[PDB]
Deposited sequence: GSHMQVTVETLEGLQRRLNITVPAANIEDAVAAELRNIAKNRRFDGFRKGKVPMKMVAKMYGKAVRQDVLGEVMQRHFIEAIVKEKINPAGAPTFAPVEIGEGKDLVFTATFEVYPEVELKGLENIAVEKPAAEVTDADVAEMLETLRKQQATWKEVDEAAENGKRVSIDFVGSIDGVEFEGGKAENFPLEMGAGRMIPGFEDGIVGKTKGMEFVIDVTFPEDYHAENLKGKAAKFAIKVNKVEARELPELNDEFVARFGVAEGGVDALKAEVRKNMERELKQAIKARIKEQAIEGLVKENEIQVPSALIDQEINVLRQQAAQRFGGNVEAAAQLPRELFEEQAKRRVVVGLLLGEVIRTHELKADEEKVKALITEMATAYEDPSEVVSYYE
């Protein structure tokens, strides 16, 4: 097996230290020499069987440069994959140990894509688990076209419960423990355990106190493991009624891809409103202690794929149009960049759509690439 170690450097600069079993290089160099001997006519000898010693003195080095170049690349890609690292540039190889008969050791220095989440957009967009194509999207369009409506029901998984709450320890209200019209989506696990798990069953108008202890891994210093009380008031309980998934719900879009795009245009349009909302809420949900997960929008896999296909194209360019190499890279490598791409696109798209701003699709896309890949 081949070995690799990853080093982080200044900036988005990483270095890979790959080692390759000597056998690989040595076996291949031998073979090719045997080939050259068998298929090259040398002055003074008949095709095939010529002093091996001779062919080695004429192509020994040369063949080693090629076997070497092939081995580095093949293992650079294999490392990248195994190390789940998405290069944002071409790698610069360096020979550490290329001695004949000895294990191959070389370095692969290069740049990667930044990891820091976008300001105010940290983990704001996510992909469903894993429905297997234009199905999950019809569903996404279904939920986006869904409307929340009040119901005389109680708070249970699925329902959205608007609540007001003010936390306190010994009758003393700590900072950021008071929230009005907070929308708690039962089942979303967005609050410190014990919270939600004690509002379930309550209906509109009820006021009550729940005891909740903050987790050890809790961020706030002054609340870490403190026992607390939250005075809750349930403002209302809504249910989401999803429209039907019938034929007239899909005839609105054209035929073939034109249709499969008219629909993507629509899903995108809604995500523009959903992200705007998600962001506003994020503001209002800052400082609100008890929260242990920021809100988020769900992006159909079909839409993340469109971005991953772009990332692959770009990766192929940075590898000299080596398309097969780009295909070999597993999807999860670009998953992150894709999400950043989708969000920046929705950000810009919302401004453009709202004021009917006319801008060349190509320029916008260039900027999205720049802003997303930061």
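Compare the deposited sequence with the modelled residues and state the ranges that are missing C-alpha positions.
Counting from residue 1, the stretches without coordinates are 1 to 2, 133 to 136, 381 to 392.
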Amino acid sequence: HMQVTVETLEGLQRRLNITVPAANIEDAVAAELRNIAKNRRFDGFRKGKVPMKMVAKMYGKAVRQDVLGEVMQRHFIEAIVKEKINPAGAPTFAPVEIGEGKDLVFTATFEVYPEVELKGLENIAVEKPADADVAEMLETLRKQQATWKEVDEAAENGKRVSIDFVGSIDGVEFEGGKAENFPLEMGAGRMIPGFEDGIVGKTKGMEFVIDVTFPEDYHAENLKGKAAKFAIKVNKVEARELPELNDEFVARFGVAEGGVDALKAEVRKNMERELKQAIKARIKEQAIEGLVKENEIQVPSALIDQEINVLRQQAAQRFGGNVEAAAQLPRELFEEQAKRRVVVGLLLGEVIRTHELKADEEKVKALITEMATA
From here on, numbers count along this sequence of modelled residues.
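Comparing 100 to 108 with 241 to 249, which stretch shows the greater average C-alpha B-factor in the deposited entry?
Taking the mean B-factor of the alpha carbons in each, 241 to 249 is higher.
Looking at the deposited entry, does 194 to 202 or 212 to 220 carry the larger mean Cα B-factor?
Averaging CA B-factors over each stretch, the winner is 212 to 220.
Quick one: which of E156, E139, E207, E296 has the biggest Cα B-factor according to the entry?
Max CA B-factor in the entry, restricted to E156, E139, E207, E296: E139.
Say you rank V134, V151, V267, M72 by Cα B-factor from the PDB entry; which sits at the top?
The C-alpha B-factor peaks, among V134, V151, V267, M72, at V134.
Consider only the C-alpha atoms of the modelled residues in this chain, order them by B-factor as the entry records it, and name the third containing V343: lowest, middle or highest.
For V343, the deposited C-alpha B-factor lands in the lowest third.
Can you tell me which third, lowest, middle or highest, the CA B-factor of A278 falls into for its chain?
Lowest third, going by the recorded CA B-factors of the chain.
Looking at the C-alpha B-factor of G259, is it in the lowest, middle or highest third of its chain?
CA B-factor rank for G259: highest third.
Would the CA B-factor of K128 place it in the lowest, middle or highest third of its chain?
For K128, whose C-alpha B-factor we compare with every modelled residue in the chain, the answer is the highest third.
Which third, lowest, middle or highest, does the CA B-factor of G349 fall in along this chain?
Bottom third by C-alpha B-factor.
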